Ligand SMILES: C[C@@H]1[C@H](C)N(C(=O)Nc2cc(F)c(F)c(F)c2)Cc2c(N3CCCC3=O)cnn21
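Heads up, the chain below is alone and in the form solved without the named molecule; it's given as structure tokens.
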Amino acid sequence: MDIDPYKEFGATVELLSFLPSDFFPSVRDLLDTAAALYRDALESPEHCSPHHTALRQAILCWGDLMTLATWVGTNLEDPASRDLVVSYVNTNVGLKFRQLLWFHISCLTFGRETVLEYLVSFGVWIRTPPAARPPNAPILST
């Protein structure tokens, strides 16, 4: 069974690894932003949007991963060395959520296509050597 988290939103995992791995904020920063910009819709009893639905599942999923990695770090080894279980999650999967978290928060703010366009525009822009690219990078707004 093969599911692209983005296919239903008009994008893919190809399109997101299209941006450099350091382009995205941290997972901790992206969650802080979710609360700060949307908590009431996110805690609301309404669907609101497919982006809202997806965002809530993605926030909570990182919750299911972190909770599991912390309870499993505590039960054999030192709280100073047990951060290999939480280290592990930020190496394999931590990058994946960084893309996914950002993608939806961004889509809520500016509009799905805006973010889609922004990804292709900013993507070809970052690859372009300094001398060949405009001084004004693509910008993300309404």
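Heads up: residue numbers just count along the shown sequence, starting at 1. Only residues modelled in both forms are compared. Basically, rigid core = biggest C-alpha set you can superpose within 1.5 Å across the two forms.
Although it is not shown, the form solved in complex with the named molecule is what the next lines describe.
For the options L116, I105, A69, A54, the residue carrying a heavy atom within 4.5 angstroms of the named molecule in the bound PDB entry is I105.
Contact here is defined as any heavy atom lying within 4.5 Å of the named molecule in the bound PDB entry, and by that definition each of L30, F110 and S121 is a contact residue. Proximity of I3 to the named molecule in the bound PDB entry falls outside the 4.5 Å heavy atom cutoff. In the bound PDB entry, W125 approaches the named molecule with a heavy atom inside 4.5 Å. The named molecule is not shown here, and in the bound PDB entry it never comes within 4.5 Å of any heavy atom of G10.
Summarising the superposition on the core between this form and the one not shown, the listed residues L108, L101, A54, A69 contain exactly one with a Cα shift of 2 Å or larger, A69. With the core held fixed, the Cα of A36 is displaced between this form and the one not shown by less than 2 Å. After superposing the rigid core, the Cα of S87 is displaced by 2 Å or more between this form and the one not shown. Relative to the shown form, the Cα atoms of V72 and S21 move together by 3 Å or more in the bound PDB entry. Compared with the form shown, the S21-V85 C-alpha separation decreases in the bound PDB entry, the change being 3 Å or greater. After superposition on the rigid core, the stretches of at least three consecutive residues with Cα shifts of 2 Å or more between this form and the one not shown are 68-92, 130-134.
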